[PDB]
Amino acid sequence: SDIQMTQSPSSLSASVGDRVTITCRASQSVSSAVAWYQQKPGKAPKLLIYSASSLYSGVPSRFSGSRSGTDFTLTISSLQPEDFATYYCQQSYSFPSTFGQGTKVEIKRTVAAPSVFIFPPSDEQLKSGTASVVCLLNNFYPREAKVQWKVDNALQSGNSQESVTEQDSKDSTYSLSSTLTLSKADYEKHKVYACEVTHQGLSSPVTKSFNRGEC
Amino acid sequence: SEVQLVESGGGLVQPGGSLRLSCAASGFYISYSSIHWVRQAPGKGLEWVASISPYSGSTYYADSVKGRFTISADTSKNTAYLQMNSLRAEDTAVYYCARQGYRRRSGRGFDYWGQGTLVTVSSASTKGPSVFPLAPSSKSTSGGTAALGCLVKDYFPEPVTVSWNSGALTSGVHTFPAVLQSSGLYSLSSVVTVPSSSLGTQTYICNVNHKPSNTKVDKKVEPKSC
RNA sequence: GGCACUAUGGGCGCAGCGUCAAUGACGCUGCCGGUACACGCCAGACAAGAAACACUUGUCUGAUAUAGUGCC
């Protein structure tokens with residue numbers, strides 16, 4: 001039916017001068033019609049490799065493509081600062097054409113604990129019938145971080161949204177926001193509003209909370 | 001350098017509307033190439049969509065677009081097209097056209113890509129944001145720095161711009177990617193870390209501009225004290 | 001994949017009609033059956049043509065060719 005391309009790893013944390021190998025695994029024979037691309041944010045993808053192994057004209061020679069059966073790997077021999085981007089494989093052996101899910105190559109750095117803050121809703125917002133509680137994780141590394149909402153020690157589910165900034169240009173930390181959305185009616189049916197954060201730089205999960213109604 | 005794909009035609013349309021995207025080619029005669037359309041939903045990866053082969057006009061499609069999209073090419077206008085009919089919100093993405101290289105030089109790789117054109121499918125109507133203080137607190141605030149911010153809530157479509165202090169304050173500001181809420185309106189929030197000794201002494205104002213609704217808003221973020 | 005047996009008027013029976021289809025199915029009816037070979041012709045596969053498919057051209061293969069079942 002359709003051919004599946006499955007990439008590996010989906011994100012990768014390396015420092016300059018590393019050997020980086022990205023691998024992508026095909027579900028049927030694609031022969032050698034695999035292409036690799038580099039995409040940077042906001043920008044069109046750029047061709048790096050064609051025919052699974054061939055160096056596209058103008059691309060640095062530190063990029064190489066390899067083939068092994070249905071298992072294709074792009075390896076960047078020596079990482080450069082302009083090479084932190086997202087990379088994609090592609091099969092064009094048959095239609096539909098299929099792209100791997102993507103690999104994001106990111107800046108390694110020392111662990112930085114997320115400095116955490118919780119913000120209760122404005123009385124102005126309650127006039128709108130909705131209430132948002134915001135939990136902020138500031139300047140942390142690595143990106144992986146679990147934010148867990150609790151209202152009176154009861155976890156919430158399906159009523160929060162996250163959003164992460166890209167890796168900061170200067171200290172290459174991340175920052176993340178989590179927004180718990182509630183009706184005002186449900187908001188005042190409770191007192192203790194809490195944010196729980198697990199991160200590699202946190203010895204044990206850190207928790208910030210407030211009680212609804214503090215002057 | 002001299003090869004160039006210049007896309008146009010994206011925009012905002014209600015679900016079930018249609019849109020004709022265009023990819024004008026320069027630097028080459030379009031008829032001797034396969035032209036592909038690739039799309040990318042916000043935050044997702046690349047998804048091939050439709051392609052057309054040279055000398056025959058043969059067209060191919062992704063199952064997710066089969067029957068609704070039509071890739072075509074006018075060689076007299078040296079331009080490829082993608083008619084999208086009965087559009088659905090899952091179809092929202094940045095739409096790329098790409099050229100399949102010459103077989104001998106770059107295999108079947110797409111060597112040149114258009115600039116991107118944005119397609120938004122939504123039944124939401126335009127709404128300016130409501131701006132809400134993310135006020136800092138009295139507790140903790142023991143790290144020499146405190147954090148404060150603005151909640152930019154319930155707008156459509158993107159984008160807003162958020163400055164602080166009319167652009168004066170930028171160091172340590174984080175403005176997150178907007179998320180689309182289940183209501184189909186968007187929200188982001190802008191936060192800034194500041195010296196915790198300035199809270200009552202220093203005024204912090206977030207300025208939110210939402211061009212589509214012609215709304216500029218300035219919000220003063222004040223402490224609450226006890 | 002290998003092994004085993006099993007089946008195949010042009011590899012191209014000669015035709016007709018209904019053909020539906022969307023490229024997935026064809027079929028009945030008639031007609032006549034030296035043999036290879038040479039071709040043609042068609043169909044595969046391969047390359048090349050600005051060329052994934054179609055197209056054009058070249059080369060090759062259709063007897064050790066396609067078609068099943070069992071074994072492994």
# chains A, B, ... in the order shown; residues from 1 in each chain; ligands from 1
>>> interface_residues(of="chain A", to="chain B", cutoff="7 Å", atoms="only C-alpha atoms", output="ChimeraX atom specification")
/A:33,35,44,47,50-51,56,92,95-99,101-102,119,122,125,163-165,215
>>> write_last_selection(atoms="N, CA, C and O atoms", output="PDB file, in the first residue's frame")
ATOM      1  N   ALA A  33      15.848   5.315  -3.861  1.00  0.00           N
ATOM      2  CA  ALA A  33      15.253   6.630  -4.060  1.00  0.00           C
ATOM      3  C   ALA A  33      14.935   7.299  -2.721  1.00  0.00           C
ATOM      4  O   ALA A  33      13.814   7.738  -2.465  1.00  0.00           O
ATOM      5  N   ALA A  35      15.906  10.575  -0.311  1.00  0.00           N
ATOM      6  CA  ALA A  35      16.535  11.880  -0.278  1.00  0.00           C
ATOM      7  C   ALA A  35      16.481  12.425   1.135  1.00  0.00           C
ATOM      8  O   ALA A  35      15.516  12.189   1.859  1.00  0.00           O
ATOM      9  N   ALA A  44      12.458  27.217   3.754  1.00  0.00           N
ATOM     10  CA  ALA A  44      12.177  26.088   2.895  1.00  0.00           C
ATOM     11  C   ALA A  44      13.235  25.017   3.134  1.00  0.00           C
ATOM     12  O   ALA A  44      14.363  25.327   3.527  1.00  0.00           O
ATOM     13  N   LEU A  47      17.964  20.560  -0.064  1.00  0.00           N
ATOM     14  CA  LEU A  47      18.358  19.196  -0.396  1.00  0.00           C
ATOM     15  C   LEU A  47      19.798  18.951   0.037  1.00  0.00           C
ATOM     16  O   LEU A  47      20.686  19.753  -0.268  1.00  0.00           O
ATOM     17  N   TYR A  50      20.789  12.912  -2.388  1.00  0.00           N
ATOM     18  CA  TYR A  50      19.865  12.291  -3.324  1.00  0.00           C
ATOM     19  C   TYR A  50      20.343  10.883  -3.642  1.00  0.00           C
ATOM     20  O   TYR A  50      21.521  10.553  -3.471  1.00  0.00           O
ATOM     21  N   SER A  51      19.416  10.037  -4.092  1.00  0.00           N
ATOM     22  CA  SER A  51      19.718   8.618  -4.368  1.00  0.00           C
ATOM     23  C   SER A  51      20.416   7.951  -3.185  1.00  0.00           C
ATOM     24  O   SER A  51      21.411   7.246  -3.334  1.00  0.00           O
ATOM     25  N   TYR A  56      24.490  16.166  -2.948  1.00  0.00           N
ATOM     26  CA  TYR A  56      23.913  17.200  -3.791  1.00  0.00           C
ATOM     27  C   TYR A  56      24.888  18.352  -4.000  1.00  0.00           C
ATOM     28  O   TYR A  56      25.603  18.757  -3.081  1.00  0.00           O
ATOM     29  N   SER A  92      10.964   8.302  -2.798  1.00  0.00           N
ATOM     30  CA  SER A  92      10.358   8.648  -4.078  1.00  0.00           C
ATOM     31  C   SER A  92      10.403   7.431  -4.985  1.00  0.00           C
ATOM     32  O   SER A  92      10.445   7.571  -6.219  1.00  0.00           O
ATOM     33  N   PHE A  95       4.604   6.352  -5.459  1.00  0.00           N
ATOM     34  CA  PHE A  95       3.563   7.270  -5.002  1.00  0.00           C
ATOM     35  C   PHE A  95       2.574   6.550  -4.100  1.00  0.00           C
ATOM     36  O   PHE A  95       2.167   5.420  -4.393  1.00  0.00           O
ATOM     37  N   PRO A  96       2.156   7.189  -3.027  1.00  0.00           N
ATOM     38  CA  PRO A  96       2.488   8.549  -2.611  1.00  0.00           C
ATOM     39  C   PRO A  96       3.920   8.669  -2.148  1.00  0.00           C
ATOM     40  O   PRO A  96       4.487   7.709  -1.617  1.00  0.00           O
ATOM     41  N   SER A  97       4.514   9.845  -2.337  1.00  0.00           N
ATOM     42  CA  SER A  97       5.809  10.116  -1.734  1.00  0.00           C
ATOM     43  C   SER A  97       5.659  10.244  -0.216  1.00  0.00           C
ATOM     44  O   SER A  97       4.614  10.631   0.299  1.00  0.00           O
ATOM     45  N   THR A  98       6.681   9.851   0.512  1.00  0.00           N
ATOM     46  CA  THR A  98       6.534   9.827   1.952  1.00  0.00           C
ATOM     47  C   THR A  98       7.760  10.403   2.635  1.00  0.00           C
ATOM     48  O   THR A  98       8.891  10.086   2.250  1.00  0.00           O
ATOM     49  N   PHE A  99       7.544  11.236   3.655  1.00  0.00           N
ATOM     50  CA  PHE A  99       8.646  11.871   4.375  1.00  0.00           C
ATOM     51  C   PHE A  99       8.741  11.231   5.744  1.00  0.00           C
ATOM     52  O   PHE A  99       7.714  10.949   6.362  1.00  0.00           O
ATOM     53  N   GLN A 101       9.282  11.371   9.783  1.00  0.00           N
ATOM     54  CA  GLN A 101       8.626  12.304  10.696  1.00  0.00           C
ATOM     55  C   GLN A 101       9.508  13.500  11.045  1.00  0.00           C
ATOM     56  O   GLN A 101       8.983  14.566  11.385  1.00  0.00           O
ATOM     57  N   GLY A 102      10.836  13.346  10.984  1.00  0.00           N
ATOM     58  CA  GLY A 102      11.770  14.441  11.219  1.00  0.00           C
ATOM     59  C   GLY A 102      12.729  14.160  12.357  1.00  0.00           C
ATOM     60  O   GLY A 102      12.377  13.444  13.291  1.00  0.00           O
ATOM     61  N   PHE A 119       0.702  31.554  38.154  1.00  0.00           N
ATOM     62  CA  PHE A 119      -0.002  32.826  38.059  1.00  0.00           C
ATOM     63  C   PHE A 119      -1.501  32.587  38.106  1.00  0.00           C
ATOM     64  O   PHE A 119      -2.052  31.979  37.180  1.00  0.00           O
ATOM     65  N   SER A 122      -6.738  36.800  36.570  1.00  0.00           N
ATOM     66  CA  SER A 122      -7.173  38.153  36.840  1.00  0.00           C
ATOM     67  C   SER A 122      -8.660  38.197  37.140  1.00  0.00           C
ATOM     68  O   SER A 122      -9.465  37.533  36.483  1.00  0.00           O
ATOM     69  N   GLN A 125     -10.564  38.684  34.087  1.00  0.00           N
ATOM     70  CA  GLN A 125     -10.869  37.580  33.195  1.00  0.00           C
ATOM     71  C   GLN A 125     -12.137  36.869  33.650  1.00  0.00           C
ATOM     72  O   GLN A 125     -12.972  36.471  32.820  1.00  0.00           O
ATOM     73  N   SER A 163       3.236  25.210  25.588  1.00  0.00           N
ATOM     74  CA  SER A 163       3.905  25.921  24.505  1.00  0.00           C
ATOM     75  C   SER A 163       5.333  26.192  24.913  1.00  0.00           C
ATOM     76  O   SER A 163       5.566  26.712  26.005  1.00  0.00           O
ATOM     77  N   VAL A 164       6.278  25.801  24.062  1.00  0.00           N
ATOM     78  CA  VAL A 164       7.703  25.855  24.365  1.00  0.00           C
ATOM     79  C   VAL A 164       8.380  26.841  23.426  1.00  0.00           C
ATOM     80  O   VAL A 164       8.060  26.906  22.232  1.00  0.00           O
ATOM     81  N   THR A 165       9.297  27.628  23.968  1.00  0.00           N
ATOM     82  CA  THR A 165      10.077  28.503  23.118  1.00  0.00           C
ATOM     83  C   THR A 165      11.202  27.710  22.505  1.00  0.00           C
ATOM     84  O   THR A 165      11.546  26.619  22.958  1.00  0.00           O
ATOM     85  N   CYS A 215      -4.668  38.307  49.391  1.00  0.00           N
ATOM     86  CA  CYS A 215      -4.591  39.765  49.141  1.00  0.00           C
ATOM     87  C   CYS A 215      -3.153  40.297  48.963  1.00  0.00           C
ATOM     88  O   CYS A 215      -2.220  39.922  49.682  1.00  0.00           O
TER      89      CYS A 215
END
>>> select_by_dssp(residues="region 4-207 of chain A", states="strand (DSSP E)", output="JSON, numbers by chain")
{"A": [5, 6, 7, 8, 11, 12, 13, 14, 20, 21, 22, 23, 24, 25, 26, 34, 35, 36, 37, 38, 39, 46, 47, 48, 49, 50, 54, 55, 63, 64, 65, 66, 67, 68, 71, 72, 73, 74, 75, 76, 86, 87, 88, 89, 90, 91, 98, 99, 103, 104, 105, 106, 107, 115, 116, 117, 118, 119, 130, 131, 132, 133, 134, 135, 136, 137, 138, 139, 140, 145, 146, 147, 148, 149, 150, 151, 154, 155, 160, 161, 162, 163, 164, 174, 175, 176, 177, 178, 179, 180, 181, 182, 183, 192, 193, 194, 195, 196, 197, 198, 199, 206, 207]}
>>> atom_distance(atom1="CA of residue 129 (chain B)", atom2="CA of residue 167 (chain B)")
19.1 Å
>>> residues_around(residues="residue 79 (chain B)", least_positions_apart="6", cutoff="9 Å", atoms="only C-alpha atoms (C1' of nucleotides)", output="compact mmCIF listing (two decimals) with N, CA and C atoms, in the first residue's frame")
# COMPACT_ATOMS: atom_id res chain seq x y z
N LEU B 5 11.34 29.35 -7.38
CA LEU B 5 9.92 29.03 -7.31
C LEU B 5 9.26 30.04 -6.39
N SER B 22 -0.50 28.89 -6.42
CA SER B 22 0.30 29.05 -7.63
C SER B 22 1.77 28.95 -7.29
N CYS B 23 2.54 28.40 -8.22
CA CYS B 23 3.99 28.28 -8.08
C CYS B 23 4.63 28.73 -9.40
N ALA B 24 5.04 30.00 -9.49
CA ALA B 24 5.63 30.50 -10.73
C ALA B 24 7.11 30.20 -10.77
N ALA B 25 7.56 29.60 -11.87
CA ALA B 25 8.91 29.10 -11.98
C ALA B 25 9.74 30.07 -12.81
N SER B 26 10.98 30.31 -12.39
CA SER B 26 11.85 31.10 -13.23
C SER B 26 13.22 30.44 -13.25
N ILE B 30 9.34 24.90 -17.24
CA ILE B 30 8.67 24.04 -16.27
C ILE B 30 8.28 22.70 -16.85
N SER B 72 -1.73 20.91 -11.36
CA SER B 72 -1.77 21.19 -12.79
C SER B 72 -0.62 22.10 -13.12
N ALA B 73 -0.39 22.30 -14.43
CA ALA B 73 0.68 23.19 -14.86
C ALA B 73 0.34 23.89 -16.18
>>> atom_distance(atom1="CA of residue 186 (chain B)", atom2="CA of residue 207 (chain B)")
17.2 Å
>>> interface_residues(of="chain B", to="chain C", cutoff="8 Å", atoms="only C-alpha atoms (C1' of nucleotides)", output="ChimeraX atom specification")
/B:32-33,53-56,58,102
